[PDB]
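Visitor: First the structure, then my questions, so here it is.
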Amino acid sequence: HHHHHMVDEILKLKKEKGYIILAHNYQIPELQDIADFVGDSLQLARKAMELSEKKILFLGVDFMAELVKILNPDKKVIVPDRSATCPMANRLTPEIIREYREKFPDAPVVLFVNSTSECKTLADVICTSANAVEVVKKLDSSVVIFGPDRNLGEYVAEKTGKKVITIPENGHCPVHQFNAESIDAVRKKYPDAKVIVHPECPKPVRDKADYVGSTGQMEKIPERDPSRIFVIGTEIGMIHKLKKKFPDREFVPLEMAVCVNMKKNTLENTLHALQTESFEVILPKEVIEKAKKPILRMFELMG
Ligand SMILES: N=C(C(=O)O)[C@H](CC(=O)CO)C(=O)O
Ligand code: SF4
């Protein structure tokens, strides 16, 4: 195998230098396969807090790596590509959050994990796709400010029955803009398939699905649903994860959908990261101290 040189040296250096490799579900298959743990933002956050190792190689995008750092301030966290980010976040600013806080004083500010760490410093609680509904339901308010993802916010409003004020204008994930016709086509081709789509998908897509869930929730659905075929409306990296967990089922992409940022991490730059022990994720202590409050509050609202 042509890659065995990179794969083998990654596994070698990881062990030799005391790293644990955490990968998000949207990383390329080759990186999922060398990771110690693969999961969604919530799971990688949880895992981060309980690992004994002092060095983490994080494979995902920056806001997530920073979440890991904020929860583990005394561990060294590195990433292979320091530009891997989520473009949705960067429309949401401090001045937007402040404006809406003033406008709606008694609305808690719920920020999605893909938000700048600076933004998290101004949140009342953080959430991921997996726990957004649970977090907002358990809050003591019928109104929340929510950002940056509009679709997710609207889905939360639907599930909880609360008023969700989304910020900024049109915050959305380009990856999850499937058109509902793809579901129409796939129902005809596989009449017994179950269609699972992400809550970041637009509402007409959500409404034609059998299930709506985050990647963490998608992965649990075949534990309770015996269907032979699932059609998956998220980023393409999740197909590899699902096929590995459930080799006796068939997983069909709703459409091909690739997150360019998530794909910035490669075997080659992952190897460079382990050789140089770069690039370190660094936040000001002030940011860490401030941002951890809404993150810990998330965990209090789950259990
Ligand atoms: N980290 C996620 C989450 O659940 O919060 C992603 C979705 C996301 O938008 C981040 O790329 C997912 O696992 O379903
Ligand atoms: S898949 Fe969408 S929400 Fe997740 S990092 Fe890429 S652009 Fe951001």
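Along the chain as shown, the residues are counted starting at 1.
Determined by X-ray crystallography, 1.9 Å, according to the entry header.
Keep in mind that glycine also has a Cβ here, set from the backbone N, Cα and C atoms.
The expression tag annotation in the PDB entry covers 1-5.
Annotation comment: Swiss-Prot describes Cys86, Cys173, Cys259 as [4Fe-4S] cluster binding site.
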Visitor: Counting every protein chain present, what is the number of Cβ atoms, excluding its own, within 10 Å of the Cβ of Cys86 ([4Fe-4S] cluster binding site)?
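Guide: Excluding its own Cβ, the number within 10 Å is 23.
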Visitor: Using DSSP, break the expression tag (1-5) down into helix, strand and coil residues and give each count.
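Guide: Its residues divide into 2 helix, 0 strand, 3 coil.
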Visitor: Starting from the Cβ centroid of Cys86, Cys173, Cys259, the recorded [4Fe-4S] cluster site, name every other residue in that chain with its Cβ within 8 Å, sequence order please.
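Guide: Near the [4Fe-4S] cluster site, beyond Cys86, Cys173, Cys259, sit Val61, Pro87, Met88, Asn114, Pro174, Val175, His176, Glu235, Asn261, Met262.
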Visitor: Would you count the other C-beta atoms found within 10 angstroms of the C-beta of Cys259 ([4Fe-4S] cluster binding site) for me?
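Guide: Other Cβ atoms found within 10 Å: 23.
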Visitor: Run through the Cβ atoms and count how many others sit within 10 Å of the one on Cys173 ([4Fe-4S] cluster binding site).
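Guide: The answer is 24 other Cβ atoms.
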